[PDB]
Amino acid sequence: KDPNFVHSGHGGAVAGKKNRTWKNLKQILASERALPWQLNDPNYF
DNA sequence: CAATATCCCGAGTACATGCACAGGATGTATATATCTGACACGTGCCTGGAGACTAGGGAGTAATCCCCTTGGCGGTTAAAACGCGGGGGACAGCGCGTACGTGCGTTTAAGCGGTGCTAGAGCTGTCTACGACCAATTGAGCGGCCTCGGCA
């Protein structure tokens, strides 16, 4: 009936005290600024 | 002496208190723990002692009238007591906050290595501030010149 029930653990706060569902957008972006971008590349920031 | 008042004693009066009860949360109890700091050891400083001397101050006195102190002052209200007004006092209910419980997830503490901020260094090296002295100013009091009011 329903599409699925054995849903995967994508990243929620089961394993520790950290923020509940997932990182906020600012924290995501702080991890995107680490990548090997080059001077012509489109981006979100 | 009369009068308003405080004091005192017994009847009658709700509930307050001290108690008994169920039960729950925490104080105990044991074992373990490192580490606070106790204790022991010297380090080196100032707290103290101890002298010589001036000059600042302190103590003393003398003279005295300022200020306090007192009496007697004249003037007006806080108190006394009453009349007199409204206002502090005793019940019915709403629902809003406070509490309290749930699951909310933010941040701190800790232990990590790196490093630059600060706080003890100088004779730093001077020179603001510290006396030292001079000079200006105002004010006050004392002489001295000059119109006029009461007296011969």
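Look up a bit, the structure's there.
Shown numbers run from 1 along every chain as its sequence is written, which may differ from how the entry numbers residues; residues without coordinates are omitted from display. For naming, the first written chain is A and the first written ligand is 1, with later ones following in the order written. A larger assembly contains the chains displayed, and the values given here are confined to that displayed part. Hydrogens and water molecules were not included; the side-chain quantities draw on all heavy atoms of the structure.

Visitor: What is the right way to look at the overall build of chain A in this model?
Guide: For chain A, the count of helices and strands is one helix and zero strands. Within chain A, the proportion of its 45 residues that are buried is 2%. If you sum the accessible surface of chain A, you get close to 5100 Å²; carbon and sulfur atoms cover 55% of it. Each helix corresponds to a stretch of at least 4 residues labelled H or I by DSSP, and each strand to a stretch of at least 2 residues labelled E; elements are numbered beginning at the N terminus. Throughout, exposure labels follow a simple rule: accessible area from a 1.4 Å probe, protein chains only, divided by the maximum for the residue type, with under 20% read as buried, over 50% as exposed, and the rest as partly exposed. The Shrake-Rupley method, run with a 1.4 Å probe, gives the accessible areas here. Residue values count only the displayed protein chains as cover.

Visitor: What is the right way to read a nonpolar patch on the surface from this model?
Guide: Without a salt bridge and with relative accessible area above 30%, a residue can belong to a patch; like charges are then joined within 9 Å and nonpolar side chains (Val, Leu, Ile, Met, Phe, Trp, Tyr) within 5 Å. By definition here, a salt bridge exists when the distance from a side-chain nitrogen of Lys or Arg to a carboxyl oxygen of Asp or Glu is within 4 Å. A surface patch of nonpolar side chains, amounting to about 300 Å² of accessible area, comprises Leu35, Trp37 and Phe45. With respect to the helices, strands and loops of the structure, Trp37 is situated in the segment after α1 (25-32).

Visitor: Whenever I open this one, the protein's contact with DNA strand B confuses me. Can you help?
Guide: The environment of DNA strand B is formed by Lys17, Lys18, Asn19 and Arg20. Of all DNA strand B atoms lying within 4 Å of any protein atom, the proportion belonging to sugar or phosphate reaches 64%. The definition of a polar contact used here is a pair of N or O atoms within 3.5 Å, where within protein one atom must be able to donate a hydrogen and the other to accept one, and adjacent residues in sequence count solely through side-chain atom pairs. A distance of 2.3 Å separates a sugar or linking oxygen of DNA strand B from a polar atom in the side chain of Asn19. One nitrogen or oxygen atom from the side chain of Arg20 is found 2.4 Å from a sugar or linking oxygen belonging to DNA strand B. Three categories are distinguished: nonpolar for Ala, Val, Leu, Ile, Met, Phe, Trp, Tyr, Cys and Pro, charged for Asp, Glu, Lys and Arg, and polar for the others, with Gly belonging to the last. The residue makeup of the surface near DNA strand B, split by class, is no nonpolar, one polar and three charged. Near residues are defined by distance, with any heavy atom within 4 Å of the molecule or strand qualifying the residue.

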